[PDB]
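Peer 1: Questions regarding the structure given below will be posed in turn.
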Amino acid sequence: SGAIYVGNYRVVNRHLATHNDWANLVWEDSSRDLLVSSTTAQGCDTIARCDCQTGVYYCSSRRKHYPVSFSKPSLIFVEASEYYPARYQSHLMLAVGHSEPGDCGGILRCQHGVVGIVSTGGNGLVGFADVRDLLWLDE
Ligand SMILES: COc1ccc(C(F)(F)F)cc1CC(=O)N1CCS[C@H](C(N)=O)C1
Ligand SMILES: [Zn+2]
């Protein structure tokens, strides 16, 4: 679990969105595993606007943060869940690191701010859904 809070927005994995998230829907993209909902309280997370390929992510299954090198956002294969079956997920970045399904929602950050959230993983790899391109999160 986990979310990004920026301005009047809440960013979560689409497969983990709640009834409230869907009732206050701003935008969702199944191909990215992202959903953004509106909030009454003001968010203070800074979104990075950069092309960093190094950062630190939070891993709930270990109660630890890990430094990682990660790939550029691209189209990558994702097996089936109760949330999606074999398909290409766009805007995904891979890193060598530990993750378990419950790790989805952990933030990946670089010196510029929030880069994305954990969205997949498997075989010693961790996948992050990028959010740096969503320029509208700040306006
Ligand atoms: C970070 O999640 C992990 C991590 C590891 C494993 C391992 F296979 F090893 F059991 C499994 C998962 C779970 C997973 O990847 N998915 C399920 C939720 S929807 C997600 C997607 N965005 O399509 C795909
Ligand atoms: Zn950066």
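Following Swiss-Prot, chain A residues are numbered 869-1007, in order.
So how was this one determined? The header says X-ray crystallography, 1.5 Å.
Each Cβ is built from the backbone N, Cα and C atoms, and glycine gets one as well.
The feature active site, for protease 2A activity is assigned by Swiss-Prot to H883, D901, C972, with similarity to another entry given as support. Residues or ranges marked as Zn(2+) 1 binding site in Swiss-Prot: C918, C920, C978, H980.
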Peer 1: Just the recorded positions from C918, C920, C972, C978, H980 whose C-beta lies under 6 Å from any atom of ligand 1, please, or none if there are none.
Peer 2: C972
Peer 1: Filter the binding-site residues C918, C920, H980 down to those whose C-alpha lies within 10 angstroms of the C-alpha of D901 (active site, for protease 2A activity); answer none if the list is empty.
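Peer 2: Passing the 10 Å Cα cut: none.
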Peer 1: I need the CA-to-CA distance for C972 (active site, for protease 2A activity) versus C918 (Zn(2+) 1 binding site), whole Å please.
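Peer 2: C918 (Zn(2+) 1 binding site) has its Cα 23 Å from the Cα of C972 (active site, for protease 2A activity).
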Peer 1: Could you tell me which of the recorded positions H883, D901, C918 have their C-beta within a distance under 6 angstroms of some atom of ligand 2?
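Peer 2: Result: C918.
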Peer 1: In the same chain, outside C918, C920, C978, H980, whose C-beta lies within 8 angstroms of the Cβ mean position for the Zn(2+) 1 site?
Peer 2: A916, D919, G923, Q979, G981, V983, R1000
Peer 1: Do me a favour and check the Cα-Cα span between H883 (active site, for protease 2A activity) and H980 (Zn(2+) 1 binding site); whole Å is fine.
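Peer 2: Answer for this pair: 27 Å between alpha carbons.
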Peer 1: Can you name the residues of this chain that are 6 or more positions from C918 (Zn(2+) 1 binding site) yet have a C-beta less than 8 Å from its C-beta?
Peer 2: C978, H980, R1000
Peer 1: Does DSSP give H883 (active site, for protease 2A activity) helix, strand or coil?
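Peer 2: The residue in question, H883 (active site, for protease 2A activity), is helix (DSSP, three-state).
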Peer 1: List the residues of the same chain that sit at least 6 positions away from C920 (Zn(2+) 1 binding site) in sequence and have their Cβ under 8 Å from its Cβ, in sequence order, or write 'none'.
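Peer 2: In sequence order, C978, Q979, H980, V983 meet the Cβ cut-off.
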